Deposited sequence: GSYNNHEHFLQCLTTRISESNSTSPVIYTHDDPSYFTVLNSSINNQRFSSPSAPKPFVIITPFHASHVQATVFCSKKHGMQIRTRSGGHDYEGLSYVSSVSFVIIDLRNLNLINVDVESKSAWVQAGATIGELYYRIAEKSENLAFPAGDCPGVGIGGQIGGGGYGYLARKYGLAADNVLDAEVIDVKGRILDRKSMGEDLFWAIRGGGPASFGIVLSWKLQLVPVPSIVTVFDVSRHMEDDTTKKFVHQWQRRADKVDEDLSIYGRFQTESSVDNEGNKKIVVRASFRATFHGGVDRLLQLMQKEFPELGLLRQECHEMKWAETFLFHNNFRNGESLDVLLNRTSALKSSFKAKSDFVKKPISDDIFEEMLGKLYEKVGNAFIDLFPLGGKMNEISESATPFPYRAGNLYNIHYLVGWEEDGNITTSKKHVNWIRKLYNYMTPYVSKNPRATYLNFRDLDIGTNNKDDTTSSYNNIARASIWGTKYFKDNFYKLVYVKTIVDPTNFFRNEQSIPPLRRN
């Protein structure tokens, strides 16, 4: 290891390098660990953490890590569901891109250059600073890094209108295994295809994205309402949501969320209730929204007083529960296990109720979310990016169980969510069991940790066709061309073919 440090110190003439002895190391490590499952002192720790300010800091780290057999994990926002950006089973270093967060918005060309350590929140602020009529389709969690979110797709309220973030990328700059800086034209269309939704950690290190900005009106409308599950109107609305939320006007995206809570009846007897919440952004005015809901979802009974008009960028305040705050908050804590599925056929009302009934074992700390697809998603080819789940997909269902990290509670929580996943098997898509890469899940399979490349590819196709369906085979080809020695690897990285 000492040679590796001398290599770095010689190539990075300097705070860029943080060692175990440096007192800021643990602060910089824990700073962007966002699933506390992996913050334990027993979790594996990086030998060093690099916080580059320049692309040559990354170039030096790649050279030295290759020369001395260190594994790199790239970290942008640190939101990886399985912590793959900051844990490894081998000796590793973290390249943490937090300092490469510069953003250049150009209104006349409707485009922005964005360094890959910028957060979603930072990007939205920088857009609003220059124009209330421009946006970019991405998630709504403002702490998420642009590097990983675009890297695996990037879904949100504008997806039904404009597609995934990965569908709205014009150019990019990447470092490959040979230390070269490439952009779209010099890297080729195949690698430019692979990094937009295929998990860039398999192929190199993305340094920046060139984004295509999209039009939005000056005023949009939001709501976040609760409804009573025992009312027939609520049950019809969920029935109708399953059949219609992917088919309504592309300006409207309605999410659903379900959870249980502890309550009491009128007599004071303890009772568990299911709470149903529906939250939405309509890219339009409130009167048009209300006419639309009466036409398509009258059973929700949406009230004018539940709707709120604002500028597009303020919806991320509302949807993150900043409901006085300035946009500047976008410039600024638990352990969880999550899983997810794609649904191609409406789940019958009785099975949906049995699925909700599993929440009675996990009161207050488990959530089922429903995200609608269709719209623009149906018009985009399944091989336009590595994300393949377009036409034929009605919605994504997302399961989550959370807890506070304090010791067998963890195993009981993970066990519960697996059985719910196993219960859903017959009613969700299959062959492959479609999975959204940005909801990473190691349970669906991991790589060999050395056998032949044939066996590596056969094993990796278990998880690989779940994330990518048929696009997995093109991904293996790109990996074979651009990283034949398999330097950039992790528990779920595309393997190359060898001779």
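- Gaps without C-alpha coordinates occur at 1-5, 20-24, 334-335, 345-348, 423-424, 468-469, 520, with positions taken along the deposited sequence from 1.
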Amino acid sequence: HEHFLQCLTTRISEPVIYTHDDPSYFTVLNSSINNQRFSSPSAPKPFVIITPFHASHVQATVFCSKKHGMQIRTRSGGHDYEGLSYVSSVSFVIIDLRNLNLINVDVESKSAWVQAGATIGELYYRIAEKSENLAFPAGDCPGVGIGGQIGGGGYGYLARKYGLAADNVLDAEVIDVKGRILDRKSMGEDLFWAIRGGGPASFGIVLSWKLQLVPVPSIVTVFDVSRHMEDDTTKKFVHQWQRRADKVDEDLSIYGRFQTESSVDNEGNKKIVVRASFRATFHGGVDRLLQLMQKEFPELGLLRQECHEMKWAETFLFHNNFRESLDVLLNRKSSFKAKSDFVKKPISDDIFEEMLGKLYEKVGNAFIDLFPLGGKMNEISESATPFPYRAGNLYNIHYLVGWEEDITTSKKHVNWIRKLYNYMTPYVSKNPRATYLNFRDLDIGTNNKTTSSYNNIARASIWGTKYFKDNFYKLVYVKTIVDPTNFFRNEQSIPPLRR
From here on, numbers count along this sequence of modelled residues.
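- Between 87-95 and 366-374, the higher mean Cα B-factor belongs to 87-95.
- In this entry, 296-304 shows the higher mean Cα temperature factor of the pair 296-304 and 381-389.
- Comparing C-alpha B-factors across 341, 80, 224, 404 in the deposited entry, the largest value falls on 404.
- Note on the listed residues 220, 417, 264, 397: the highest Cα temperature factor in the record is that of 264.
- Ranked against the other modelled residues of its chain, the C-alpha B-factor of residue 18 as given in the entry falls in the highest third.
- Among all modelled residues in its chain, residue 52 ranks in the middle third by Cα B-factor.
- Ranked within its chain, residue 477 lands in the lowest third, by CA B factor from the PDB record.
- When all modelled residues of the chain are sorted by CA temperature factor, residue 62 is found within the middle third.
- Per the deposited record, the Cα B-factor of residue 37 falls in the highest third when ranked against the other modelled residues of its chain.
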